[PDB]
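Everything on this sheet refers to the single structure shown next.
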Amino acid sequence: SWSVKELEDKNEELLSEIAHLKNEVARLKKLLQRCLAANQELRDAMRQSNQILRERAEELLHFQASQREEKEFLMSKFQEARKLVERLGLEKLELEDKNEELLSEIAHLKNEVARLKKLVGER
Amino acid sequence: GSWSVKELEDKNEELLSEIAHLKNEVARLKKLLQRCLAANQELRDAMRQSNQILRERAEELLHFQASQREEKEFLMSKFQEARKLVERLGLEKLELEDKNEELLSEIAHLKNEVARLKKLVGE
């Protein structure tokens with residue numbers, strides 16, 4: 001059907017077609033190798049994000065427990081002091097009432113002393 | 001005119017089988033590159049969500065600690081004022097107790113003087 005020259009021209013055509021397809025394979029392998037390397041950089045950085053996020057969540061749980069331990073201890077110191085103010089103030093009022101009753105006894109004893117001394121400047 | 005018609009036809013079949021192999025490689029490498037590009041997009045879309053969540057939580061922690069620091073300032077500043085109030089009331093209570101002991105000694109002396117003055121007038 002086909003001559004020698006026609007088969008040679010088709011051979012020349014197929015060889016140029018093999019050369020083009022081989023440049024595509026080499027181009028697609030360079031692309032795939034960069035994309036696989038880019039996927040490795042994204043996976044190493046995403047691993048670090050989850051790893052820092054886990055580290056910061058575990059140190060925050062122990063920090064909140066320490067803040068609770070410090071907040072309880074300062075609070076109990078404020079309550080012990082406030083109660084001490086209420087007790088010192090009431091004991092101060094009970095001492096001031098007792099002192100004013102004593103002054104009334106002294107004022108009565110002083111009047112009694114003067115009354116008896118006018119009696120002795122007569123006898 | 002080196003090669004015959006039958007030799008050129010067998011070579012033609014040979015070049016075609018190489019094109020069929022290269023065409024399966026190109027289609028295979030395009031599926032790999034397309035899957036890898038899609039995987040990188042899923043990693044970059046998730047990386048951006050993590051960074052946006054990580055950015056919100058760092059801003060909610062920055063403002064939360066500022067209130068914790070201000071509640072620690074306010075519960076502490078109340079405890080300092082109470083301690084000052086305890087030390088002041090303690091001095092006022094000690095001088096009221098000294099006055100109470102001063103008054104009781106005065107009463108006992110005035111009563112002895114009253115009895116002595118009553119014995120002079122015979123009351």
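Chain labels follow the order of the structure tokens: the first chain is A, the next B, and so on; residue numbering restarts at 1 in every chain, and ligands are counted from 1 in their shown order.
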
Could you name the residues that touch residue 103 of chain B at 9 Å or less, counting only C-alpha atoms, but leaving out those on the same chain fewer than 2 positions away, as a PyMOL selection string? (chain A and resi 99+102-103+106) or (chain B and resi 98-101+105-108)

Contacts of chain B with chain A up to 8 Å, shortest pair per row, only C-alpha atoms, as a tab-separated table:
```
residue	atom	partner	partner_atom	distance
B:1	CA	A:4	CA	7.8
B:3	CA	A:4	CA	8.0
B:4	CA	A:4	CA	7.0
B:5	CA	A:4	CA	5.7
B:8	CA	A:7	CA	6.1
B:9	CA	A:7	CA	6.9
B:11	CA	A:11	CA	7.8
B:12	CA	A:11	CA	6.1
B:15	CA	A:14	CA	6.4
B:16	CA	A:14	CA	7.3
B:18	CA	A:18	CA	7.3
B:19	CA	A:18	CA	6.0
B:22	CA	A:21	CA	6.2
B:23	CA	A:21	CA	7.2
B:25	CA	A:25	CA	6.9
B:26	CA	A:25	CA	5.7
B:29	CA	A:28	CA	6.2
B:30	CA	A:28	CA	7.1
B:32	CA	A:32	CA	7.2
B:33	CA	A:32	CA	5.2
B:36	CA	A:35	CA	6.3
B:37	CA	A:35	CA	6.7
B:39	CA	A:39	CA	7.6
B:40	CA	A:39	CA	5.7
B:43	CA	A:42	CA	6.7
B:44	CA	A:42	CA	7.5
B:47	CA	A:46	CA	6.6
B:50	CA	A:49	CA	7.9
B:72	CA	A:71	CA	7.9
B:75	CA	A:75	CA	7.4
B:76	CA	A:74	CA	7.4
B:78	CA	A:78	CA	7.5
B:79	CA	A:78	CA	5.1
B:82	CA	A:81	CA	6.2
B:83	CA	A:81	CA	6.5
B:85	CA	A:85	CA	7.0
B:86	CA	A:85	CA	5.8
B:89	CA	A:88	CA	6.3
B:90	CA	A:88	CA	7.1
B:92	CA	A:92	CA	7.7
B:93	CA	A:92	CA	5.8
B:96	CA	A:95	CA	6.6
B:97	CA	A:95	CA	7.4
B:99	CA	A:99	CA	7.6
B:100	CA	A:99	CA	6.0
B:103	CA	A:102	CA	6.7
B:104	CA	A:102	CA	7.5
B:106	CA	A:106	CA	7.5
B:107	CA	A:106	CA	6.0
B:110	CA	A:109	CA	6.3
B:111	CA	A:109	CA	7.0
B:113	CA	A:113	CA	7.4
B:114	CA	A:113	CA	5.8
B:117	CA	A:116	CA	6.1
B:118	CA	A:116	CA	6.9
B:120	CA	A:120	CA	7.0
B:121	CA	A:120	CA	6.3
```

By how many Å are atom CA of residue 64 of chain B and atom CA of residue 81 of chain B apart?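 Value for the atom CA of residue 64 of chain B-atom CA of residue 81 of chain B distance: 26.2 Å.
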